Each structure stands twice: as C-alpha cells, then as structure tokens.
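J.: I'd like to ask some things about the structure below.
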Amino acid sequence: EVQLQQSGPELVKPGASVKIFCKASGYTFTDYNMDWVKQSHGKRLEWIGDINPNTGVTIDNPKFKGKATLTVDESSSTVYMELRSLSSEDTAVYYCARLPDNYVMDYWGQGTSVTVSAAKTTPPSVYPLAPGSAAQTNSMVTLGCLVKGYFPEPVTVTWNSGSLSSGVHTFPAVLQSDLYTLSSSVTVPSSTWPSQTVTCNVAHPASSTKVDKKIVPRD
Amino acid sequence: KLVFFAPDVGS
Amino acid sequence: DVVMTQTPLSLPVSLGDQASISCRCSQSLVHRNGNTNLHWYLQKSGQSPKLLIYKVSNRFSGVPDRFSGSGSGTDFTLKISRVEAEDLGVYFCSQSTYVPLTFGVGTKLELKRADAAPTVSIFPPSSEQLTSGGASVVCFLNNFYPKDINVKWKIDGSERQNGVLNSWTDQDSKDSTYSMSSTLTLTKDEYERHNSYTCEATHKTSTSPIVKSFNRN
C-alpha cells in the first residue's frame, strides 16, 4: 500500500524558518515525483512545487520563491520543504503528494500543520459563562465556558467529566495575537441547573494544566 | 506566459 | 495562473439525490501531450484530499461508478448518481496542464434538513476575567439551518467590529445543524464605559434579526 507519512506539527516564531519532511513507502520511490500543496483558512489549496527524487530538479510556483525550498534524500525516501522568514500568512496545513508520469497528484500525506506565533507555552484562562437573567420555567438553559490566552493547541473541554454530551458545542480555536481562544456551550433543562451542578472541565497538556470551573448563577 | 507542467519524472 | 471557478459553493442534498458540480477555467486545459489534465478531489472533515476523478472522466481506483466526470476545453462537470452519506465533504477541481497547478475554491456537499432557527445566548464578562483586566462578551448561535448566518455586535446602539472573533462548527452528525460562537473582547475600562451590549443574528428563519442583549447595570 502507498503510504505518505509527514512530520508532526510545528510551532515557529515569526521570522524564523522550519523544515518539514515526508517519508514515502509502498512503491518504487524513484519512479515518481513528489509535490507540495498549501491549505490555509477557508481551505484554499495552493500548489507549491514539484521535485524529482533522482536529480533534485524542481518546478516551483513563482509565488513561493522567497518562501519554500524543496530537497530530497532518496536513500531515506524522504522529501523536505523549508519555509523561511515565517509570518502569520504562513500559518497553514502543508500536504505531501505523489506525482506519477501522468502529472496527476494521486496519493496525499496526512498533512503537517505549521503555526506561526511569538508565544511560548502559555496556560489557559478559563471563565464561566452564566446567563445574565433567570431562566424561564420548563425551558432549556444554555451555559458556556471561555478558554482564552493559551498556546499551543490542543485544549480539551468536557462537561461534568463527560456525563453531559448532548447539547455540547465546543468550537474550533482561533489564533489571535499569538494566543488561542476557544469557547464551549452546553444546554440543559432549567430543572437541572442551577439545582444541580454543571462544571466545565478544561485540559491543556502542553502546560500540564487541568481546571474545573463550576457554572454558578449570577445574582 | 503559459508554460506546460511537464517535469522529467522517472528513473 | 489558470483560474478555477466552481459552482456552486454550497450544494445541499438529500441522500439519494443526484449532484452536479461545475468547474469553469480561464483557458483550455489541453496539454501538449494531448491529455486534458483536469481532476476532481474530495476532502472529508479532518482528512486529506483524495483523488476521485482524473483527466476529466477517469475514475481512480476504488472510486464507485456512482461518480462520473465530463467536459472539455473550459467547462467541466462532476456528477453523482445517488449521493451517499460517505460522499459528503468538499470537492475541489484542479488542473495540472500549466504551471503553477491551481485548484478550485471548493464545493461543500452538505446534508439537507428542515429549517431551524438559531438558539441565541449572550453572556456578560465573568468576575474572574474582570479582575484580571479583561472583558469578553460571548454570544452562541447554536443548532441552525441553513448554514448561512451573519452576526453583528452593537455597543449602545453603535456597530462594533474590532475585537470580534468568530468560530463555526461543521454540520452536526446527529441533527445536521450548524453552530456559531462570537466573542467580543474589550478592555475592562472600555467595558465599564458602556452599558448595553447586543448580539444580532441575521438568518433565513427570521425576517428581522434575532437580538439577544443585556445591560451591564
């Protein structure tokens, strides 16, 4: 089976560089070329370049001349791409792709995420979201949880240690000013809260942080 | 302006 | 660069319907070797793109005969006989005739359901956040259909755009709805300068915007 395994996620400071690889298997590495594709926010795909494994000769997208550089070490069946002078515009997922003589990119790697941020490992601040007004009778109450100012991804959010699952919306994190921000909502019947306890469970493995934030009603 | 994508791929 | 224009951007279907995705290019895609290097890719959520059809009408290995492609020159079409649940995702058309290789913007094949009004909930800044010097106002728009929605923040009647961060979920696997979160972040001082904070949602299920708000005091 054809396999294209790419290097893990990268965390790079603005202006620095990074070199990501892509090891191939399941076929003769020399009878095919290797291409690279960029996918940013909105999931727009941009072709970066194509490289030959036997010669190292590359066909490049001129819009990436000052950004990307393709090399290959065919002994290890590994293709590299360097991204230099990184800015926020370079925060994206970069894909590996095989190119046979048909000039069709058929098999793709799992992708390498590159995140550009001047921030170090920062633990998150967890804020409870309580309704400003009392809930009506026999209605659904929506509670929330805001997780702000952390780096890097991922953070995990569950409610009542996973006992509340239906009505939970945890939203994709957004990177702003080198730090992430994430929110999570939960909807429970008004006869459940605040009569019973509802707790936000946040975990940030990169900083070994785990917090429980009880959602208390406002007065 | 128009250039065909025709690399020398293979052994 | 050769421009790839896909129509439509969003294609809601019920399971069993047929689907047609158009891809028009700026110039002919006939390579000097004779081949028309236009291809179709599918990217499901959290996965890598996968090759469905290459050179207009050739099914890649493993692709069901459910999928078929046609076209020539500058107009191409991808067709699905009976859309299945596993077919939902984003479909990209791409050309490999000229340098650089280009892709379409993408066409999201989503599931169709009855209209659903969003449950709007607004939340003031927490005591924990106010002490640290920050002030975030969070607004959730949960479980709505169709996916198109607009959010506007208003502070004492005036629109506010700076300091807003928005996040969207994909189509839910159990009810086929979409959700959205919006967080307006201010300084503690700027939050204490104003009183009325409003979250306005524009959606198909209401002729006028849905308004949730609160007065600081």
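Protein chains in written order, with the entry's author numbering: chain H, 1 to 219; chain A, 16 to 26; chain L, 1 to 217.
Don't be surprised by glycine CBs; every beta carbon is placed ideally from N, CA and C.
1) I'd like to confirm the pairing. Which residues does DSSP put opposite H/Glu1 in its beta bridges?
2) DSSP state of L/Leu29, grouped into three classes?
3) Compare the C-beta of L/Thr102 with all C-beta atoms of chain A and state if any pair is closer than 8 angstroms.
4) Chain L partners of A/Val18, CB-CB under 7 angstroms?
5) Terminal residues of the continuous beta strand (DSSP E) containing L/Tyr197?
6) Straight-line CA distance for H/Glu74 to H/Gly66?
7) Thinking C-beta only, is L/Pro100 closer than 8 angstroms to H/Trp108?
8) With a threshold of 8 angstroms between beta carbons, is L/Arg32 in contact with chain A?
9) The beta strand (DSSP E) with H/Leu45 in it runs from where to where?
10) Closer than 9 angstroms by beta-carbon distance: list the chain L residues that pair up with H/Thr181, in chain order.
11) So, is the C-beta of H/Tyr32 closer than 8 angstroms to a C-beta in chain A?
12) Interface residues of chain A around H/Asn52 at Cβ under 8 angstroms?
13) The alpha helix (DSSP H) that contains L/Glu128, what's its start and end?
14) With distances taken between CB atoms, is the gap from H/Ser117 to H/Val157 smaller than 8 angstroms?
15) Can the beta-carbon of H/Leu83 be found less than 8 angstroms from the beta-carbon of H/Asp35?
16) Can you have a look at L/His39 and say buried or exposed, based on whether 16 or more other CB atoms are within 10 angstroms of its CB?
17) Could you compute how far the alpha carbon of L/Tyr178 sits from the alpha carbon of A/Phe19?
18) Report yes if the CB atom of H/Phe151 is closer than 8 angstroms to the CB atom of H/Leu182, and no otherwise.
19) So which residues of chain A does H/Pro100 contact, with C-beta pairs closer than 8 angstroms?
20) Does chain H have any CB closer than 8 angstroms to the CB of L/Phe144?
21) From H/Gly56 to H/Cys22, what distance separates their C-alpha atoms?
22) Of all Cβ atoms in chain A, is any one closer than 8 angstroms to the Cβ of H/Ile48?
23) What residues from chain H crowd round L/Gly106, counting only those whose CB sits closer than 9 angstroms?
24) What's the call for L/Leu109, buried or exposed, on a 16-neighbour Cβ count within 10 Å?
25) Compare the C-beta of H/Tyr107 with all C-beta atoms of chain A and state if any pair is closer than 8 angstroms.
26) How would you write the range of the alpha helix (DSSP H) that L/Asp189 sits in, first residue to last?
27) Three-state secondary structure (DSSP) at H/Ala206?
28) With a threshold of 8 angstroms between beta-carbons, can H/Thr142 be considered close to chain B, or not?
29) Assuming residue 257 of chain H contacts H/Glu10 (C-beta within less than 8 angstroms), just tell me the rounded distance between them.
30) When the cut-off is 8 angstroms and only beta carbons count, does H/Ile59 lie next to chain A?
31) At a Cβ cut of 8 angstroms, what residues of the region 107-141 of chain L count as close to chain H, listed as they run along the chain?
32) Report buried or exposed for H/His204, applying the criterion of at least 16 other Cβ atoms within 10 angstroms of its Cβ.
33) Taking L/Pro125 as the reference, which of L/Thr185, L/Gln6, L/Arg113 has the closest Cα?
34) May I ask you to report which of helix, strand or coil DSSP gives H/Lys63?
35) Which partner residues does L/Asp75 have in the DSSP bridge list?
T.: On the basis of the coordinates in this document:
1) Working through the first sequence from its first residue, we reach residue 1 of chain H at position 1. Under DSSP, H/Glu1 forms no beta bridge with any residue.
2) In the third sequence, the residue the question calls residue 29 of chain L occupies position 29. The answer is coil: DSSP assigns L/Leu29 none of H, G, I, E or B.
3) Position 102 of the third sequence, counted from the start, is the residue given in the question as residue 102 of chain L. No, L/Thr102 lies away from the interface with chain A (no Cβ there is under 8 angstroms from its Cβ).
4) Along the second sequence, one-based indexing puts residue 18 of chain A at 3. Those within 7 angstroms of A/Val18 in chain L are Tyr98, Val99.
5) As a first step, residue 197 of chain L is located in the third sequence; it is residue number 197 there, counting from the start. 196-202 is the span of the beta strand (DSSP E), which, as asked, contains L/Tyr197.
6) For the purposes of this step, residue 74 of chain H is taken as residue 74 along the first sequence, with counting starting at 1. For the purposes of this step, residue 66 of chain H is taken as residue 66 along the first sequence, with counting starting at 1. One C-alpha to the other measures close to 25 angstroms.
7) Numbered from its first residue, the first sequence carries residue 108 of chain H at position 108. Numbered from its first residue, the third sequence carries residue 100 of chain L at position 100. The Cβ-Cβ distance between H/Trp108 and L/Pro100 does not fall below 8 angstroms.
8) Residue 32 of chain L sits at position 32 when you count from the first residue of the third sequence. Cβ-Cβ to chain A under 8 angstroms: yes for L/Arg32.
9) Taking the first sequence and counting its residues from 1, one reaches residue 45 of chain H at position 45. 45-51 is the span of the beta strand (DSSP E), which, as asked, contains H/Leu45.
10) For the purposes of this step, residue 181 of chain H is taken as residue 181 along the first sequence, with counting starting at 1. Going along chain L in sequence order, the residues near H/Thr181 (Cβ under 9 angstroms) are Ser136, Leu165, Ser167, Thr183, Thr185.
11) Taking the first sequence and counting its residues from 1, one reaches residue 32 of chain H at position 32. Chain A, which has a Cβ nearer than 8 angstroms to the Cβ of H/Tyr32, makes this yes.
12) Position 52 of the first sequence holds residue 52 of chain H. Residues of chain A passing the Cβ test: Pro22, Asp23, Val24.
13) Working through the third sequence from its first residue, we reach residue 128 of chain L at position 128. Residues 127-131.
14) Locating residue 117 of chain H in the first sequence gives position 117, where the first residue counts as 1. Locating residue 157 of chain H in the first sequence gives position 157, where the first residue counts as 1. No.
15) The residue given as residue 83 of chain H occupies position 83 in the first sequence. The residue given as residue 35 of chain H occupies position 35 in the first sequence. For H/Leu83 and H/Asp35, no; Cβs fall outside 8 angstroms.
16) Indexing the third sequence from 1 puts residue 39 of chain L at position 39. With 16 or more Cβ atoms within 10 Å of its Cβ, L/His39 is classed as buried.
17) Position 178 of the third sequence, counting from 1, holds the residue named residue 178 of chain L. Position 4 of the second sequence, counting from 1, holds the residue named residue 19 of chain A. Between the alpha carbons of L/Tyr178 and A/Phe19 lies a gap of roughly 42 angstroms.
18) Here the question's residue 151 of chain H lines up with position 151 in the first sequence. Here the question's residue 182 of chain H lines up with position 182 in the first sequence. No, they are not a contact pair.
19) Reading the first sequence from its first residue, position 100 is the one you call residue 100 of chain H. The contacting residues are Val24.
20) Taking the first residue of the third sequence as position 1, residue 144 of chain L is located at position 144. Residue contact check for L/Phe144 against chain H: no CB pair falls below 8 angstroms.
21) By one-based count along the first sequence, residue 56 of chain H stands at place 56. By one-based count along the first sequence, residue 22 of chain H stands at place 22. In a straight line, the C-alpha of H/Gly56 is about 15 angstroms away from that of H/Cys22.
22) Within the first sequence, the letter at position 48 stands for residue 48 of chain H. The beta-carbon of H/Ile48 is placed no less than 8 angstroms from the nearest beta-carbon of chain A.
23) The residue labelled residue 106 of chain L in the question sits at position 106 within the third sequence. Those are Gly42, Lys43, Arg44, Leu45, listed as they occur along chain H.
24) Residue mapping note: residue 109 of chain L aligns to position 109 of the third sequence, counting from 1. Buried, because 16 or more other Cβ atoms sit within 10 Å of the Cβ of L/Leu109.
25) Counting from one through the first sequence, the residue named residue 107 of chain H turns up at place 107. H/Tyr107 does not count as touching chain A.
26) Numbered from its first residue, the third sequence carries residue 189 of chain L at position 189. L/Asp189 -> alpha helix (DSSP H) spans 188-192.
27) Here residue 206 of chain H is taken as the residue at index 206 of the first sequence, counted from 1. Helix, per DSSP.
28) Among the protein chains in the structure shown, which are H, A and L, there is no chain B.
29) Residue 257 of chain H falls outside the range modelled here, since chain H spans only 1 to 219, and no answer is possible.
30) Here residue 59 of chain H refers to the residue found at position 59 when the first sequence is read from its first residue. At a cut-off of 8 angstroms, the C-beta of H/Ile59 has a neighbouring C-beta in chain A.
31) Of all residues in the region 107-141 of chain L, those with a C-beta nearer than 8 angstroms to a C-beta of chain H are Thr119, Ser121, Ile122, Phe123, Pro124, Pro125, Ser126, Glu128, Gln129, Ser132, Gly134, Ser136, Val138, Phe140, reading in chain order.
32) Numbered from 1 along the first sequence, position 204 holds the residue referred to as residue 204 of chain H. Under the 10 Å beta carbon count, H/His204 is surrounded by 16 or more other beta carbons and is classified as buried.
33) For the purposes of this step, residue 125 of chain L is taken as residue 125 along the third sequence, with counting starting at 1. When only C-alpha atoms are compared, the closest one is L/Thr185.
34) Position 63 of the first sequence, counting from 1, holds the residue named residue 63 of chain H. Note: H/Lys63 maps to helix in three-state DSSP.
35) As a first step, residue 75 of chain L is located in the third sequence; it is residue number 75 there, counting from the start. For L/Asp75, the pairing in a beta bridge is given by DSSP as L/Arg24, L/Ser72.
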